[PDB]
Amino acid sequence: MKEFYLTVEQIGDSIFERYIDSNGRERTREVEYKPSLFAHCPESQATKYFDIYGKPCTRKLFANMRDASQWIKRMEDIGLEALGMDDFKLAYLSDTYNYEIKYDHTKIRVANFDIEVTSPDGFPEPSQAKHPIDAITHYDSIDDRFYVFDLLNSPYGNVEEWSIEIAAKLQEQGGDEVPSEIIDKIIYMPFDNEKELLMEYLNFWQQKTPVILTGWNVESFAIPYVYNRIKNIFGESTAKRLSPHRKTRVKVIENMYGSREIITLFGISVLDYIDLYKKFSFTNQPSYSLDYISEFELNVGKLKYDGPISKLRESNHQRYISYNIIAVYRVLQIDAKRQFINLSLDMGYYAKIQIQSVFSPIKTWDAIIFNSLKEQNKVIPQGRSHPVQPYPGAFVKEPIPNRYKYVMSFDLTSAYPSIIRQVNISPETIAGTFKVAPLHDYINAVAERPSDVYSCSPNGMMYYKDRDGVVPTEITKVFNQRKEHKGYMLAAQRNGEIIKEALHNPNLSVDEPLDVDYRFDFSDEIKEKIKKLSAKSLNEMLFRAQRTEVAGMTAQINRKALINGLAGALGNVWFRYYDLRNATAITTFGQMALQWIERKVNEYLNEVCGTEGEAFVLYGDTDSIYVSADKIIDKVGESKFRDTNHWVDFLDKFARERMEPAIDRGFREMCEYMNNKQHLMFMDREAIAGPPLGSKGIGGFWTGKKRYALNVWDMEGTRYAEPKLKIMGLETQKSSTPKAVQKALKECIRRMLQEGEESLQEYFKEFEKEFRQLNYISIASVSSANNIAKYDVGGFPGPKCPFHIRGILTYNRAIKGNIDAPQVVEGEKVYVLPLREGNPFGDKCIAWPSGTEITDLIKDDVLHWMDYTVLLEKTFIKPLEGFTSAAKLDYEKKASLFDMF
DNA sequence: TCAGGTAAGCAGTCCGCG
DNA sequence: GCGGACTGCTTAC
Ligand SMILES: Nc1ncnc2c1ncn2[C@H]1C[C@H](O)[C@@H](COP(=O)(O)OP(=O)(O)OP(=O)(O)O)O1
Ligand SMILES: [Ca+2]
Ligand SMILES: [Ca+2]
Ligand SMILES: [Ca+2]
Ligand SMILES: [Ca+2]
Ligand SMILES: [Ca+2]
């Protein structure tokens, strides 16, 4: 087999690499890598190395990496560019793996671990590590085993061994319900003292050294805690055994308002699953506790126990250990679904970076572009310092607030990357500038044609047309991968709808789910069998379809994020190829494209309707348009349609056969106007939206920019079994809105769009009447909490104190002296509730850590003093008032002359 | 919130507005 | 009471 790296490090003048050799075995080597860097040289000097602009370079081979680094410094001292890859391990990987890497995940050791630490004096600070580690569960992907290290004897209590038999029993049997499918995979090791636990753990670690290390909050908690605890007990050298090269560094993580410390373990790639989730999931959650995320992703109930976590080991060690094991399993279950580890490995090996670098698009692209250029003996420029400067972004159309009955939407496929490819935007393809006219002049095609030679953007930039830039070349490759995965995602989605339809008529039989590949549209034969399956088999198929769709979503949206990151990287001062000429070339072209095509679509539709000056495009944002289809529907007449699906077909056909050809013609003209290299503006139909046929539903509404709701029947070719709301920006979509309020507001919107005014008024009256019974957590607002210290003045709100920060200070006074009460963590999220006049907390709100119940010693007082009226008005009524006035509707029935009877 | 761009919405504070 | 200047937070792209 072809070899592949596992990890790579520079330690002094040595490269330390762990790798899989040609026989599939893990090996480690130290290599005295001699790096090369480059300097510009005279034309008369024969060379095969050229910078990206075609200027000749001489290669400078160094005795060692430190010599190379010192040379860079001296070149700065002289004032001359020092060219080439200055991150020497990336150059080492490029030299060592000079081919597309084919990796085998089954040979990569993926460790997932979680530790427990009993602490009677509050949160166990990792940097102090003053409390014993009393449990470690460590799952190894190669062994497929959960290794459990259990401390029986502690200063905080002596306990009995954990029982696997009790662990397997139902909660209703007094057991822990450790899933039966992992029971046989547990390797349980009890220890009489902490020193032997940790020594054995380190020996185990040497034997089974993680390549990828993950878990929940492992980078901020588990790793620093284990490292510091071992350091405290045994000394530094023993703690450094966590690194296979015995090298570690305390790394200071700085944010806007403070810093924290993590431990870098050389020769290990730490991918904390919380950070994987935050980057790759495209959610924003009210809380990031594992119990909250597990419930969200897997629909598993919260791990329940009595009393504080600090007394759980002494009161119920059995449950203590079981929940440690389950917590490790939950992360593995999330990953089986979301496949973020597989994503990281894919992207990492593609770019030829340290796997943990997938968190940085700048580093990822720097390595992709470097490897690409290196193949052509081209030499990358030196990174430079740039002051951060603002620059212009997308255009967003100001919509007229209103109901909109029938709507078809269209938007560009991979807009910014397609602009890059079309215009040929790259560092080395810059050809010059042209004198710019107002943007309006290009939009309306009255401005002079920018160039008869070069490919142009309306920001004034011109680009070569003879060859593709390295940015268009490399972005195309990742775009093509994205497209393949999106194909699989959409097929799984369509397949899902086939199953949902069949579930309307399940068969009374005993059978199995069909063995099918959900990434491909079901054949006629599969469809026929599905129509004969039981509800049990259908639901199992639906679950598998949806898992396939999730896998496709992960693969596609994060490849989309990567290529969109390259467009963004051109406006990031840390990027090697930072250039505001190129960043603005993209964004300004985007602004032109949207407004150009708005004009074109308006012109086309006024023509087919025999009108003049009417606006069919009601809205657009960045690369999208929303077209009113009322007149198209009315041209055939609603009476002519058999059912909803009938007019959806008609609009689908109209969009595909009339709109899209018109749109394509408009963009082809724009391509030629800008003299672009290749037409790649593909604005495909997204949504077909409208009320159910014969209903009083309003179909859709806008309140303003980035705030709208549509009742959608077909989305990018997926015809829904049931209509689905596309809601953007409104309070139902914000993590700050109370959960129960999101639900109620969503139902209000559903009723508005599908059923009409009367239905809405019915639901509002009921929600208003019953909402005080809602659980306090379900009606609490949510906010991130930054700068708590800034606004704290002797425990009281300072000037300009934010409402949520005020809440935290109220909490802090109410729990003062309690070393045990949960502390609000700076930068994390809190629930927030308003408090009625004259409450014992002495202020208008209280806040507490999100994802948790408020501590018992104030809970009853919070509940008693909760201001339900203020809560209702702020989170429910005011947004609803916004929705209904926009839609020209009333949420409360107006008096009429019929009331006289 | 270490990690990737800008546009733009709403909550809330402070304070003006005769 | 609303709105403008401003901060904070959170979305849509
Ligand atoms: N998370 C992001 N980071 C940077 N730029 C973004 C992001 N989301 C959107 N953009 C910019 C770049 C996109 O090309 C452009 C249009 O957004 P959007 O329509 O959501 O994606 P897209 O056009 O790239 O892909 P799709 O093919 O799924 O529509 O807005
Ligand atoms: Ca725990
Ligand atoms: Ca798009
Ligand atoms: Ca059937
Ligand atoms: Ca879009
Ligand atoms: Ca599309």
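Chain A is the first sequence line, chain B the second, and so forth, proteins listed ahead of strands; every chain is numbered from 1.
- For the pair A:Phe883 CZ and B:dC10 P, the interatomic distance rounds to 10 Å; values are reported in whole Å.
- Ring pair A:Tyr868/A:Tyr776: centre-to-centre distance not below 6.0 Å.
- With distances taken from any side-chain atom of A:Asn787 to the nucleotides C:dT10, C:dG8, B:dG9, the minimum falls on C:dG8.
- When the side-chain nitrogen and oxygen atoms of A:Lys800 are compared with OP1 and OP2 of B:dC14, none of them lie within a distance under 4.0 Å.
- Nucleic acid contact class of A:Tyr391 (heavy atoms, under 4.0 Å, all strands): sugar-phosphate only.
- OP1 and OP2 of C:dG8 both lie 4.0 Å or more from every side-chain N or O belonging to A:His804.
- Between the side chains of A:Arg685 and A:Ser409, no donor N or O sits under 3.5 Å from an acceptor N or O.
- A salt bridge links A:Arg707 with A:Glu731; the closest basic N to acidic carboxylate O contact falls under 4.0 Å.
- In terms of phosphate contacts, A:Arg707 brings no side-chain nitrogen or oxygen within less than 4.0 Å of OP1 or OP2 of C:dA12.
- Residue-to-nucleotide proximity on DNA chain C shows that, of A:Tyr257 and A:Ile727, the 5′-proximal contact is made by A:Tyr257.
- Not one side-chain nitrogen or oxygen of A:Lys734 sits closer than 4.0 Å to the OP1 or OP2 atom of B:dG9.
- Within the 4.0 angstrom heavy-atom criterion, only backbone atoms of the sugar-phosphate kind lie near A:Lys844; the bases stay farther away.
- Using a 4.0 Å heavy-atom criterion, one finds that A:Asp275 contacts the bases of the nucleic acid, with or without backbone contacts as well.
- Between A:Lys706 and A:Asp621, at least one side-chain N (NZ, or NE/NH1/NH2) sits under 4.0 Å from a carboxylate O, which counts as a salt bridge.
- Using a 4.0 Å cut-off, no side-chain N or O of A:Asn284 falls inside it from OP1 or OP2 of C:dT10.
- Here the separation of C:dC9 from B:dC2, taken at their P atoms, is 14 Å to the nearest Å.
- Counting non-hydrogen atoms under 4.0 angstrom, A:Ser735 reaches the backbone sugars and phosphates but no base.
- Distance, A:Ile425 CD1 to B:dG5 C1': 14 Å, rounded to whole Å.
- Candidate nucleotides B:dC2, B:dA7, C:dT10 were compared by shortest atom distance to the side chain of A:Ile262, and B:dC2 ranks first.
- By the 5.5 Å and 30° criteria, A:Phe359 is stacked with the base of B:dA3.
- The phosphate of B:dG12 (OP1 or OP2) has no side-chain N or O of A:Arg806 nearer than 4.0 angstrom.
- Counting to the nearest Å, the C1' atom of B:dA7 and the CG atom of A:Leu594 are 13 Å from each other.
- As rounded to whole Å, 16 Å separates atom P of B:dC2 from atom CG of A:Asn572.
- Mapping A:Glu398 and A:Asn786 onto DNA chain B by nearest heavy atom places A:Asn786 closer to the 5' end of the strand.
- Checked by distance alone, A:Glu219 brings a side-chain donor or acceptor within 3.5 Å of a matching partner on the base of B:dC2.
- Across all strands shown, A:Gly565 has no heavy atoms under 4.0 Å from either base or sugar-phosphate atoms.
- For an aromatic pair to be called close, the ring centres must be under 6.0 Å apart, and A:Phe395 with A:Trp596 fails this.
- Rounded to an integer number of Å, the gap from CG of A:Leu562 to P of B:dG5 is 14 Å.
- Across B:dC2, B:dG4, B:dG9, the shortest atom-to-atom separation from the side chain of A:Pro361 is found for B:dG4.
- At the heavy-atom level, A:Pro392 lies under 4.0 Å from the strands shown only through sugar-phosphate atoms.
- Within the 4.0 angstrom heavy-atom criterion, no nucleotide atom of any strand lies near A:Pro879.
- The distance from atom NZ of A:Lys878 to atom P of C:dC2 is 9 Å, rounded to the nearest whole Å.
- Distance CG (A:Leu710) to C1' (C:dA12): 14 Å, rounded to an integer number of Å.
- Using a cutoff of 4.0 Å between basic side-chain nitrogens and carboxylate oxygens, A:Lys486 and A:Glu716 are scored as salt-bridged.
- Using a 4.0 Å heavy-atom criterion, one finds that A:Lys279 contacts the bases of the nucleic acid, with or without backbone contacts as well.
- Within the 4.0 angstrom heavy-atom criterion, only backbone atoms of the sugar-phosphate kind lie near A:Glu254; the bases stay farther away.
- Taking side-chain N and O atoms only, A:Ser360 has a distance below 4.0 Å to OP1 or OP2 of B:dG4.
- Judged by the sign of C1'-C2'-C3'-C4', the furanose ring of B:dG5 adopts a north, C3'-endo-like conformation.
- Ring centroid separation for the pair A:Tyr811 and A:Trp848 does not come in under the 6.0 Å cut-off.
- Remark: the separation of the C1' atoms in B:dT1 and C:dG8 is 14 Å, to the nearest Å.
- Ranking B:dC2, C:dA12, C:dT10 by closeness to the A:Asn255 side chain, first place goes to B:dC2.
- We find that CD of A:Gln733 is positioned 17 Å from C1' of C:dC9, with the value rounded to whole Å.
- The side chain of A:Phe803 lies closest to B:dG12 when the candidates are B:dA7, B:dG12, C:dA12.
- For an aromatic pair to be called close, the ring centres must be under 6.0 Å apart, and A:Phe876 with A:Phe771 fails this.
- Positionally, the nearest nucleotide of DNA chain B for A:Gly827 lies more toward the 5' end than for the other of A:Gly827 and A:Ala569.
- In B:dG9, the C1'-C2'-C3'-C4' torsion is positive, which places the sugar in the north family.
- The base of B:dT1 is paired with the side chain of A:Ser784 by a donor and an acceptor separated by under 3.5 Å.
- The ring of A:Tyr619 has its center closer than 6.0 angstrom to the ring center of A:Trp702.
- Applying the 4.0 Å criterion to OP1 and OP2 of C:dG8, one finds that A:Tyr791 has a side-chain N or O inside that range.
- A:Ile362 comes within 4.0 angstrom of sugar-phosphate atoms only, judged by non-hydrogen atoms across all strands, and of no base.
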